[PDB]
Each structure stands twice: as structure tokens, then as C-alpha cells.
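Quick heads-up: the C-alpha cells below are two forms of one chain, split into structure 1 and structure 2.
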Structure 1
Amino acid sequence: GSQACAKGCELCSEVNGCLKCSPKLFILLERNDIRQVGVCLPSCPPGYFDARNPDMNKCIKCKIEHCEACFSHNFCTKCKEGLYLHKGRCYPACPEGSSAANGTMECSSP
């Protein structure tokens, strides 16, 4: 730990990595081994989404499976081709209950 912090990082730690990013940038928590370190990014990597906060910009891991872009960690906005989107989640087949079926791609009725 012989050098200053990272490019877009204004508050740094040896252990914790980056603590605070430049206002435009996003902080992302990277788990490498035991360590969890802050890292400053211009954009969120795939798997993560753009959690737009008034206090800190975060890249948050999406937890929904077969999802390419999610509104939150458990709600999904768009599902990978060619899966159907029921209540925030992705399915290879519309769940049991009513269903879209063109119905362009989102499962309604309930």
C-alpha cells in the first residue's frame, strides 16, 4: 500500500479499496477471495444495474436469473431472449395462471 487511491476515487483505503467515488461515477463492491473492495466505474458491468441514488451511485448485482436488465435486485424489466417476464421474474414458459402468449412478451393476465 505505497500509493494513492484510484482514478475516479476520492476516498481510499488499503483494506476496503475505494470508499467514495467522483459524483458522476459508480461504486461497485468487488468480492475477491475474502476481500470486498470498492472500485470506481463509469458504467455498470453486465449482471449489475444502474441504481441511481441522490447520495451515492451504486452498481448493484441483479439476483434474477436469465435477466439482462433488472429494475431492482429482485424485480426485472426485460428478460433474455426468448423468455417470458412474469411478476418481475424470468421463465422459459409463462407461469401457471393466466398468460400473455403474444401477448408480445410479458405475462398478462395475472
Structure 2
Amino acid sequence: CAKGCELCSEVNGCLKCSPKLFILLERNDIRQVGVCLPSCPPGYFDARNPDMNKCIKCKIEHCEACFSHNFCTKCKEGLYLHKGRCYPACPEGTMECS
């Protein structure tokens, strides 16, 4: 059974991670396998939950790193960052529109 993973398969890889870790479903290519990591990678944010902590894909337009699904923390170079979203033109006020 894998590094910080406490439940396994050959087919599905990891099924439950250690307490404070996050589960990522890594696809490659036909395969989709469970992996447990301490922080989530770049596409993603950490999303702690009582039953299962989960890496969640940061979906939002031109964002490289978010806090939550809705709220960007770092926009791509060189967009303007205002109230967690990403714009070309900075309404009302180093590339962090405020």
C-alpha cells in the first residue's frame, strides 16, 4: 500500500488517505488512480472535509492558484487581480488590481 495511503487496489490505487492528507485522482491515460499527497498540485486547491480531504481543480479563467473554486489567489502573467477574479483591465486600483 502506497506512501501515505491506508487503503489500496491494483486497479484503483488509493482509496483512503491518512488523516490530514489529500486524495488526488491521477489520470494517465486509460488509468485513473488514487494518490495521496500532503498539499495539492498547481491545477488545484486543498479542500479539507471531515470524511475525505480532496484536491479540487481550480477552474477559474486565467487563474494559476486559487483559495477556493471561486477565488483566485494568483492570476497568470500579466492579468490584474481584483477580489479573487482575473481581469485584463483593473477596475479601481506589482499586478494585483486594488
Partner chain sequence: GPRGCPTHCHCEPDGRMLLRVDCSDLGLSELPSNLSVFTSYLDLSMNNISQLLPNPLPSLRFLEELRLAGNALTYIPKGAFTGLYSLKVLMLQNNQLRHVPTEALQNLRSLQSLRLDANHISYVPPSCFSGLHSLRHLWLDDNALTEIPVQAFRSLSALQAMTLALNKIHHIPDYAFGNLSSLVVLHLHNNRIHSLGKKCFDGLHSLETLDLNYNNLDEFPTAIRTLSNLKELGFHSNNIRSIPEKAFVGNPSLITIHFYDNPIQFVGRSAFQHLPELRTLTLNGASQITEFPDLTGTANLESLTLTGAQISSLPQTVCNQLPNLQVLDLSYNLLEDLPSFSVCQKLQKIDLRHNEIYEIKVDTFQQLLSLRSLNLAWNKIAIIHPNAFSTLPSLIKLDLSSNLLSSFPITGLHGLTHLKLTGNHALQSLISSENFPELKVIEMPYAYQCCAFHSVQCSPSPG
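Definition used throughout: the rigid core is the maximal C-alpha set that superposes within 1.5 Å between two forms. Residue numbering: structure 1 sequence, from 1. Shifts are known only where both forms have a C-alpha.
Student: Assuming the other structure does not fit, state which one is the form solved without its partner chain.
Tutor: Only structure 1 fits here, because that chain is the form solved without its partner chain.
Student: Please state how many degrees the smaller rigid part turns against the larger between structure 1 and structure 2.
Tutor: The smaller domain rotates by 41 degrees relative to the larger one between structure 1 and structure 2.
Student: Core superposed, what is the CA shift for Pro54 between structure 1 and structure 2, in angstrom?
Tutor: Superposing on the rigid core gives a C-alpha shift of 1.2 Å for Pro54.
Student: If the core is used for the superposition, what shift in Å does the C-alpha of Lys87 show between structure 1 and structure 2?
Tutor: Taking the core as reference, the C-alpha of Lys87 is shifted 9.2 Å.
Student: After aligning on the rigid core, report the distance the C-alpha of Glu14 travels between structure 1 and structure 2, in angstrom.
Tutor: For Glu14, the alpha-carbon shift amounts to 0.1 Å.
Student: Which consecutive stretches of at least 3 residues differ between structure 1 and structure 2 by 2 Å or more at every CA, rigid core held fixed, listed in sequence order?
Tutor: Residues 68-97, 104-108 form the runs that move by 2 Å or more between structure 1 and structure 2.
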